[PDB]
Amino acid sequence: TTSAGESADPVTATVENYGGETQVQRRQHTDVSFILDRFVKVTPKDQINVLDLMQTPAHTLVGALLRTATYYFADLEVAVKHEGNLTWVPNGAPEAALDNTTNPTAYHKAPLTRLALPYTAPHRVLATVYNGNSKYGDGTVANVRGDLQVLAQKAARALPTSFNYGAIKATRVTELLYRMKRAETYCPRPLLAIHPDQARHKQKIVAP
Amino acid sequence: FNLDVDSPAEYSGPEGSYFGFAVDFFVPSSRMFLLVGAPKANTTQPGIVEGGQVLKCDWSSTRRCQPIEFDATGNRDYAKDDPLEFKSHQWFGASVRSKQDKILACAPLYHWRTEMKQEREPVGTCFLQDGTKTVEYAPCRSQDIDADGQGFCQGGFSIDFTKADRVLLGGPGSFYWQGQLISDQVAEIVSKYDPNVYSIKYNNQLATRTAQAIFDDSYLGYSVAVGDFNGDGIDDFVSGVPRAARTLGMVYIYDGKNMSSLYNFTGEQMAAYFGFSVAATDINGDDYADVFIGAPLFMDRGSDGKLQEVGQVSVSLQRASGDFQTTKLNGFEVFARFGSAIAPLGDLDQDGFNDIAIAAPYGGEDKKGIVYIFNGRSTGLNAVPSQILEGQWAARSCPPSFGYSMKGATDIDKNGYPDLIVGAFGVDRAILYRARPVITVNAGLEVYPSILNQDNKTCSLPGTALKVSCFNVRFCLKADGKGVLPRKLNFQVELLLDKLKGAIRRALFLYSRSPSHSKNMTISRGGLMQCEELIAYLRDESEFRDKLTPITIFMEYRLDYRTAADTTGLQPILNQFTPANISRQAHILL
Amino acid sequence: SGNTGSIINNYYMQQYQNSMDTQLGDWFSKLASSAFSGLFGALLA
Amino acid sequence: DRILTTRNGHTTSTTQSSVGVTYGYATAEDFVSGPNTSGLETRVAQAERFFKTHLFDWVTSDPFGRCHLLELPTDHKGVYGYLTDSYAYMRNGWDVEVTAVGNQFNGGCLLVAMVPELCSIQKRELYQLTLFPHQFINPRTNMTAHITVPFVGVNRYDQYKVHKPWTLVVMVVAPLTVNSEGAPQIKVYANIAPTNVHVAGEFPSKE
Amino acid sequence: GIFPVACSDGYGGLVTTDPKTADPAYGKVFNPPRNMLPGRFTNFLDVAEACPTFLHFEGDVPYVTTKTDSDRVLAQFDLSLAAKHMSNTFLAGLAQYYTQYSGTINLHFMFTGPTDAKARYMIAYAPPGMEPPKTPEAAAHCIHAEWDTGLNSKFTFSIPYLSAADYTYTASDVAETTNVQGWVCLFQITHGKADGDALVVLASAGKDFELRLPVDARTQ
Ligand SMILES: [Ca+2]
Ligand SMILES: [Mg+2]
């Protein structure tokens, strides 16, 4: 289909333009609420873990596919394998309130304890990248520093802990898993597949 | 001004080991022992070569240098299949400060990995020997790690001992090359250290933490000094900052009681290591320490326009409170770094004040080295030197720099005068210059009567029947000097008459009938003023011509260096600024 | 509705299960459905 | 059949080579009457006019991906930038319009994009800049690109001193290919304008 | 008595993709309102169908340069979503997290030359089974299409989905190196004074493009 090449309105030159017809297409597996509510592993610290969704890795499925959105809204439910007692704390409480048991602890029931948390952020919709990010500010005191203070790729790290779902604290968490349900996404961002060095990225597919 | 340059105590070491980078005295509190640390010598630990050791040279009887290593433990482990410490090429022997029986053999270039990641942080460690106990002191080895910690601290750079048994350590590379001076008593070192614990942390840890942003890369603690600088008796913790204020140089003198700043100084030339080598000692006479700041990389403003790297040492004098007077002491030869080998000498001649030795490493002929001696007086410190020294052996690839490691204020040859351990790491040679016994000689010439009549006619010339004018010459000799040396001083008294008369002399003796007389007068030291009186007459009237020139009697005596050796076999020397010859006059009326 | 697969009603009501949304007083499905197709000029068979 | 002359307030902008205006992410504004401001907002109608700015000089030696990122709002030294130093919380849309005037004998093209919250990009990421509100400019067809976007954001009113939501991005997709009869160097300008600003909360005066 | 049950075996383990929802622990939370907030997408294909994204050619560029010689092959790339040319596309960004697809793939072809340079092109689909064509004479016998550069400067050609099976794998096989899903070839046929001038290409999801069976790429 010949078009106006720069107006950037959507054009879909379908397969009927050179004979033929289109079939019924189903898109349930690419829905944004279906593809995001499954469990993903993140690395835990020893005791205190803020329940930020942007600490999911960038190589995994719903971490690299959550970063497709600029703005997201999703209720989080976690599943954590721990020992001791695990106290969840809402958004913006002091971190000394992790020790108190009036906050929603889960006693140890073997092997793991999954529990559904609400969206406790003050904002209408969370975010992934801030502009300008890391601005006390802009920038605390000096601070420098030396030689690697200028050329550094560590400025895309958020500072306000308001896009967090809260924090969990146990004696020693071993593996804590995120999933995000009722997920709404807004304003898409680019998604990258890895770069082939060959003619085509041939990997060993599964076979009998 | 009494260093034994003729036949000094030669000390050598292994090849390529830099024998003479850190030396110090040691006394088993008799006997004496020298401490010469070689940073690139062969070690007894398997798989580790050129690590470093502390060779103790025996000066008594025969020079017996013995390579000694305190904590000779191998590379420890922490996790699994990973050495916790890397003692390979650790340069063990960069700063070895001792005090009586304690031997502090520090090592700033001691590497140590992080307890959380496989790295290699040079944190430095010290090996202290308290009398007969072997302990390890390393304050820059605990929770602090690389970057925001004490990874590059290199604990054991600027070390010194006080009077209250407090070990003063100073690392310039602490916290992003800022610096930290940790001083801990020996009680916490011998009672608080544990070889099983890797995070050594003492209780009373008096030091300085991080500051603002302009203090970064300042080397806080490049040179340390002890003494009173505020009025409390306890030795303070002087800190040298070579990189202060756009690379100028400031000295931060901290208190040796609760860690508090006292006074601040100002450098002279930009980028000159204003505080590389300091020495706090009395020079004016008030029992107060006086820090003399060194400056190796100083360039004096010459008359030809182009600056010349000669170095500069500032002589500061402390009065009652803290009014330090700065006295600019320029260098000498070009490319000498006058201000690197500065060591107090103390009572070198027992003249009532202390002395100090400042040697130029890269200076001298053929880039060897000249040791400049600075003796004290009543006012302050002398500017001009008193004795010029030279090197002995040659070098290979590293520059010679004769005179780098040296100490003092400790008697070693057993006589009362401390020697000077001139240790040169470039030529791998440590030469010990012994202090010669300074003799305070007091001569005297009493020629009476003063006026001499031409027609006096008093005595009688033997052999003839013609009377002539005569006069009595009574010259006295006296010797007085502290130290262990034979009192029987064999002085060679040379009697000379009429120094002006080139022409025929008019004054001659009677017992010898010759103007020049030779006398061997061996007097005693510390006893009474042994004097001698003789008669000398004048020539006849029909011999001379001029009748207005006074008779200048010139006596020149020289101590015969023969039987003046005892025990150590060292030849004594006379006092400084004291000629061994005198001359008087005798008026002749007309 | 999500990744649920239960025909039974939930046990916990609606407000002890999720966070309730509040009204105040979509795009790319309208953008992808307004796509031009066919041709631009007079076609032949 | 073409109405191709826009205006915002008392300033107009007539272009004769407009391929069309692209409404990004919304055709209409959000509810400006929020509950996080207690009804103390008000529209300033005098902030809606254009203001010109310079971006870069697209020359023939520029390869793929010579991008330019100016954060909106930038330094407005007029009426709009007075509101930044006199009111704490404010929201607005934008309707940008970049111009790359050469002639119809140059070649190449440069993509224009309004992208929210843009920082720390890669040049491998530049292949998918098409996802945002975008509009191509090539001299063979047009001279301008006219993009219009509403207020996006984490929350309804914004503090522009500590946050810049939008980022006008122009990158060069094909390099500028001058010919014997083209124009050697083109200069990229832009006139940006706010849409329906709403301030809330008066600062004290600096005196 | 009480109601007897049988605590059945094999059931009840933790599955990471199950439709079981977790029990709540902290209720009565009212979110701030979010209604009619701009820029919402529902499915990831609508972003991939309404927003085309560039391709990758030799020299890390999206444009292909006209060729002033006897050889007339502008580009010839195999047809897979794990290809080298398709790599920076958003369409192959989310097709890295699935196993198999079906449907058409739109290719958008914008010509960025000056007003005096004219050229015409062709793009053909060579189904698998023999070698891909190297001349526009040989590629006339494919399912091809031609267009020339005039006033409307953009051309959209929908790649047909021809396959034996109903779904084709989005991951090209690691050992099998023949690429038996298909080639797509685009040529130039002629050009008038179009030397050094470009043809920037794009790719979008088709009208009936739909993916299937999500897995975790894990940056592989
Ligand atoms: Ca450097
Ligand atoms: Mg640099």
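## Details of the overall build of chain A
- For chain A, the helix and strand inventory stands at one helix and ten strands.
- Helices (α) and strands (β) of chain A occur, in sequence order from the N terminus, as β-β-β-α-β-β-β-β-β-β-β.
- Taking 2.2 N^0.38 as the reference for a compact globule, 208 residues should give roughly 17 Å; the C-alpha atoms of chain A span a radius of gyration of 22 Å, well beyond that estimate.
- Across its three principal axes, chain A shows a C-alpha extent of roughly 70 × 50 × 40 Å.
- The 208 residues of chain A split such that 52% are buried.

## Side note on the UniProt feature "binding site: Mg(2+)" (unreviewed entry) in chain A
All names here are of chain A.
- This chain's UniProt record puts "binding site: Mg(2+)" (unreviewed entry) on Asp147.
- Looking at the element boundaries, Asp147 is found in the loop between strand 8 (126-127) and strand 9 (164-169).
- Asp147 sits in the exposed class, given a relative accessible area of 62%.

## A look at the environment of A:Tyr165
Residue and element names in this part refer to chain A.
- Checked against the element boundaries, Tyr165 lands in strand 9.
- Remark: the alpha-carbon pair of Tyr165 and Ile35, spanning 130 residues in sequence, is separated by 20 Å.
- Dropping the residues within four chain positions of it, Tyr165 is found in contact with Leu51, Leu53, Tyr72, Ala74, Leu76, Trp88, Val89, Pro118, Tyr119, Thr120 and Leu126.

## Some remarks on the sheet that holds strand 8 (residues 102-107) of chain B
All names here are of chain B.
- Taken together, four strands build an open sheet; the order of strands is 7-8-11-12 and the sheet is antiparallel. For this open sheet the edge positions go to strand 7 (95-99) and strand 12 (133-137), each flanked by a neighbour on one side alone. Sheet twist, expressed as the mean angle between neighbouring strand axes with direction ignored, is 15°.
- In terms of strand pairing, strand 8 meets strand 11 (residues 125-130) through five bridges, oriented antiparallel. Across the sheet, residue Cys106 finds its bridge partner in strand 11, namely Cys126.

## Quick notes on the pattern of salt bridges
- Taken as a whole and judged by the stated rule, the model has 31 salt bridges over all chains.
- In this structure, B:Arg337 engages B:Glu309 in a salt bridge whose closest nitrogen and oxygen atoms are separated by 3.9 Å. With B:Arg337 in the loop between strand 25 (325-330) and strand 26 (341-346) and B:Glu309 in strand 23 (residues 308-309), this residue pair connects regions lying 28 residues apart in the sequence.
- Assessed through its relative accessible area of 30%, B:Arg337 is described here as partly exposed.
- Given the relative accessible area of 13%, B:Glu309 is considered buried.
- With a closest N to O distance of 3.9 Å, D:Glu29 and D:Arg91 form a salt bridge. Taken together, the residues span a long stretch of sequence, with D:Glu29 in the loop between strand 3 (21-23) and strand 4 (41-43) and D:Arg91 in strand 7 (residues 87-100) at a distance of 62 residues.
- Shared partners join several salt bridges into a network, and the residues in it are A:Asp75, A:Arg182, A:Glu184, C:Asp21, E:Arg34 and E:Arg40.

## Topic: the arrangement of the chains
- Contacts are most numerous, across the seven pairs of chains in contact, for chains A and E.
- Chain B makes no contact with chain D; the smallest distance between any of their C-alpha atoms is 25 Å.
- The two units chain B and chain E remain apart, with a minimum C-alpha distance of 26 Å.

## Some words on the interface of chain E and chain A
- Listed per partner, the contact involves 81 residues of chain E and 74 residues of chain A.
- For the pairing of chain E and chain A, the buried interface totals around 6900 Å² over both sides, and the portion due to carbon and sulfur atoms is 57%.
- Looking only at chain E, the three residues that lose the most surface to chain A are E:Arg34, E:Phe44 and E:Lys84, adding up to 10% of its buried area.
- Connecting chain E to chain A are five salt bridges.
- Between A:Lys202 and E:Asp173 there is a salt bridge; the shortest N-O distance is 3.0 Å.
- Scanning the region where chain E abuts chain A turns up 45 residue pairs in polar contact.
- Looking at the side of chain E that touches chain A, the elements with two or more residues in it are strand 1 (40-41), helix 1 (44-50), helix 2 (91-94), strand 6 (105-111), strand 9 (154-159) and strand 13 (210-214) of chain E.

## Topic: unusual backbone geometry
Residues and elements named next belong to chain A.
- The step from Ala110 to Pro111 runs through a cis peptide bond, and the omega angle for that step is -5°.
- Along the chain, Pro111 falls in the loop between strand 6 (105-106) and strand 7 (113-116).
- With an omega dihedral of 0°, the bond running from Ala142 to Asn143 counts as a cis peptide bond.
- Residue position: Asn143 is located in the loop between strand 8 and strand 9.
- One non-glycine residue, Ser134, lies in the positive phi region at around 55°.
- In this structure, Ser134 sits in the loop between strand 8 and strand 9.
- Its relative accessible area of 28% is what places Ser134 among the partly exposed residues.

## Things to note about the sheet that holds strand 13 (residues 160-161) of chain B
All names here are of chain B.
- Spatially, the three strands line up as an open sheet ordered 13-14-15, and their pairing is antiparallel. The open sheet terminates on both sides in strands that have one partner only, identified here as strand 13 and strand 15 (183-185).
- Here strand 14 (residues 166-168) runs beside strand 15; their pairing, made up of three bridges, is antiparallel. Bridging from a neighbouring strand, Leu168 pairs with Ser183 of strand 15.

## Some words on the side chain of C:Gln17
- Among the secondary structure elements, C:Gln17 is positioned in the segment before helix 1 (27-33).
- The class for C:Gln17 is buried, based on a relative accessible area of 11%.
- Among the polar contacts listed, one links the side chain of C:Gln17 to the side chain of C:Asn10, at a separation of 3.0 Å.
- Look past the residues within four positions of C:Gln17 in its chain and what remains in contact with it is A:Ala116, C:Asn10, C:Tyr12, E:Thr21, E:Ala22 and E:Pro24.

## Section: the packing of aromatic side chains
Residue and element names in this part refer to chain B.
- Under the definition given, this model contains 42 aromatic pairs over all chains.
- Ring-pair connections join several aromatic residues into one group, and the members of that group are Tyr18, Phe21, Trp91, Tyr404 and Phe425.
- Cation over ring: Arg436 sits above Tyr561, and NZ or CZ is 5.4 Å from the ring centre.
- If you follow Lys499 out to its NZ or CZ, it ends over the ring of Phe554, 5.4 Å from the centre.

## Some words on the state of the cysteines
Residues and elements named next belong to chain B.
- On inspection of all chains with the given rule, the structure shows five disulfides over all chains.
- The partner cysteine of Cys106 in its disulfide is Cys126, sulfur to sulfur 2.0 Å. Measuring handedness by torsion sign, the sulfur bridge of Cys106 and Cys126 sits at about 100° and is right-handed. Of this pair, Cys106 sits in strand 8 while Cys126 sits in strand 11, placing them 20 residues apart in sequence. As far as the burial class goes, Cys106 and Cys126 line up, both buried.
- Between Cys140 and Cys153 runs a disulfide, and the two sulfur atoms are separated by 2.0 Å. Its torsion about the S-S bond being 85°, the disulfide of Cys140 and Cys153 is classed as right-handed.

## Some details on the side chain of B:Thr281
Residues and elements named next belong to chain B.
- By the secondary structure assignment, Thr281 is in strand 20 (residues 280-281).
- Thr281 gets classed as buried once you look at its relative accessible area, which sits at 10%.
- Other than its neighbours up to four places away in sequence, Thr281 contacts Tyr288, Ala289, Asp290, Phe292, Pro344 and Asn354.

## Considering the interface of chain C and chain A
- Between chain C and chain A, the contact holds 16 residues from the first and 20 residues from the second.
- With both sides pooled, the region where chain C packs onto chain A buries about 1400 Å², and carbon together with sulfur makes up 50% of that total.
- Contact with chain A buries area across many residues of chain C, yet C:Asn3, C:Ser19 and C:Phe36 alone supply 33% of it, more than any other trio.
- Here chain C is connected to chain A by one salt bridge.
- In this structure, A:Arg182 engages C:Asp21 in a salt bridge whose closest nitrogen and oxygen atoms are separated by 3.2 Å.
- Our enumeration of links across chain C and chain A arrives at seven residue pairs in polar contact.
- Of the residues in the side of chain C that touches chain A, the class split is six nonpolar, nine polar and one charged.

## A look at the environment of E:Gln76
Residue and element names in this part refer to chain E.
- Relative to the elements of secondary structure, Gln76 occurs in strand 4 (residues 73-78).
- Sequence spacing of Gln76 and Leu211 is 135 residues, and the spatial spacing of their C-alpha atoms is 25 Å.
- Residue contacts for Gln76: discarding those within four places in its chain leaves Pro132, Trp183, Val184 and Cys185.

## Some remarks on the pairing of strand 24 (residues 312-317) of chain B
Residue and element names in this part refer to chain B.
- Counting buried positions along strand 24 gives six out of six residues, so the element sits mostly inside the fold.
- Burial of the side chains of strand 24 extends over both faces: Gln312, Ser314 and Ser316 are buried on one face and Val313, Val315 and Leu317 on the other.
- One ladder, built from two bridges, connects strand 21 (residues 290-293) with strand 24; its direction is antiparallel. Note on strand 24: the bridge partner recorded for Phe292 is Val315.

The rules behind the values
- Residues numbered from 1 in each chain as written, not as in the entry; some residues may be left out.
- Chains lettered and ligands numbered in written order.
- Heavy atoms only, no water.
- Helix = DSSP H or I, 4+ residues; strand = E, 2+ residues; numbered from the N terminus.
- Rg over C-alpha atoms; globule rule 2.2 N^0.38 Å.
- Buried < 20%, exposed > 50% of the residue type's maximum accessible area, 1.4 Å probe, protein only.
- UniProt positions renumbered as here; feature names shortened; annotations may be inferred.
- Contact = heavy atoms within 4.5 Å.
- Pairing = 2+ DSSP bridges.
- Axes fitted to C-alpha atoms, helices over the stretch in contact; angles between N-to-C directions.
- Salt bridge = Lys/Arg side-chain N within 4 Å of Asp/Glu carboxyl O.
- Buried area = accessible area lost by both parts, 1.4 Å probe.
- Polar contact = N/O pair within 3.5 Å; in protein donor to acceptor, adjacent residues only side chain to side chain.
- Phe/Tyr/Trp six-rings, centres within 6.5 Å; stacked < 30°, edge-to-face > 60°.
- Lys NZ or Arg CZ within 6 Å of the ring centre and 35° of its normal.
- Disulfide = S-S within 2.5 Å.
- Nonpolar A, V, L, I, M, F, W, Y, C, P; charged D, E, K, R; others polar.

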